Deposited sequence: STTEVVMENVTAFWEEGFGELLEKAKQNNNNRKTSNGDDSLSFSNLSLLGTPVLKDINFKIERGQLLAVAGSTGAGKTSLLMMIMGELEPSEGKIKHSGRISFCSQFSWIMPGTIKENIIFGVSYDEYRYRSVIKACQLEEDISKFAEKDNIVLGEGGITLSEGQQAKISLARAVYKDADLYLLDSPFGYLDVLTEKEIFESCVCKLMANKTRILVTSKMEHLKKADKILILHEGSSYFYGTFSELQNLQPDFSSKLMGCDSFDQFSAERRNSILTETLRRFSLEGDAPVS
C-alpha cells in the first residue's frame, strides 16, 4: 500500500473571473488510512482525485504516492456480459477475493434474486439492474482490482440506496481496513469514522483534519450538519452547499 502527500497544490482545467479548479491543497495520508472528502457541488472533489491519477496537471506543488491506483467513478457503468465478468473485468480470478468483495458490497441478496446467479448476462438483450445495483457492481469492480491506493468517487452520495450504510461499514471500513483509500462522501457518519476529513468549497480546503477537530474548531458549522444522514443525497448536498456558501463576506437570507 501507499502514502499520499499533497503540498501547496494548485491546478487549472486545460480542456473544456474564476481560474483554478483546486487551490493550495495540503494533506498527508498515512498507509492504510481513510480520507473522507466532503464538499459543495462543483467544489472540485472529482478533480482532486483526477489530479492524484495524473489526469490533471498541477501548476504548483508536489503530489507523491506509489502510483498504483484503483479509481471508482461517481457514475455507475456496466459492460455487456455477466455480473461476474463486470466485477472481475480483465483481472485474475480469485474465488475468496471475489466472494468477500461481493459480500461487502451487499450484492449477495441481489445476485441470489437470479436463477443464473452472477452468471446472468447484463446488457442490450439481457437484463437491466437498478442504478443502485449498478453502483454496487461499479464499486465492487474498483475494489476487486488490486491497488496501493483506492480513489472512491462513490456513486452513493448522489444515490439513495437502502443498504449503503452496510456497504460503508463492511467494505470501506473493514474489508479495506489495510488499504489507503479516499472516499468522496455526503454522509456525516463517514466523516466521523474517517481517519482524516477534507471539506472542499470553490477549489479551496475549508477544513482538513479529524471530526473531533471539526466539531471543536467550527461548532456553528458542526451543529448545522451534525439525523442529517437520513436526508436524501440530493438534500444533504444542498444543505452542505447552502452551509458552505456562508463562508463569504455576505451569505444570503434563506
property: Missing CA stretches, deposited numbering from 1, N-terminus first; result: 1, 18-48, 259-261, 290-291
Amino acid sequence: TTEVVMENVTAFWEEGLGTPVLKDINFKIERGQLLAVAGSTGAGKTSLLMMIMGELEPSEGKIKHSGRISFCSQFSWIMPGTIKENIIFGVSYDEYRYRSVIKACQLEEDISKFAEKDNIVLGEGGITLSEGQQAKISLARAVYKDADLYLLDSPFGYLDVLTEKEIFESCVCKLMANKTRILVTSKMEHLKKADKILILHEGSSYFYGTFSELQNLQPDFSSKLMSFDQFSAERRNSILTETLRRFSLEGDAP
From here on, numbers count along this sequence of modelled residues.
| item | value |
| --- | --- |
| Segment of higher mean CA temperature factor, 176-184 or 158-166 | 158-166 |
| 98-106 versus 126-134 - greater average Cα B-factor per the deposited record | 126-134 |
| Candidate set 36, 48, 29, 200 [ranked by C-alpha B-factor, highest] | 29 |
| Lowest, middle or highest third - CA B-factor, residue 69 | lowest |
| Record-listed C-alpha B factor of residue 59: chain third | highest |
| Third of the chain's Cα B-factor distribution that residue 121 belongs to, per the entry | highest |
| Chain thirds of CA B-factor: placement of residue 43 | lowest |
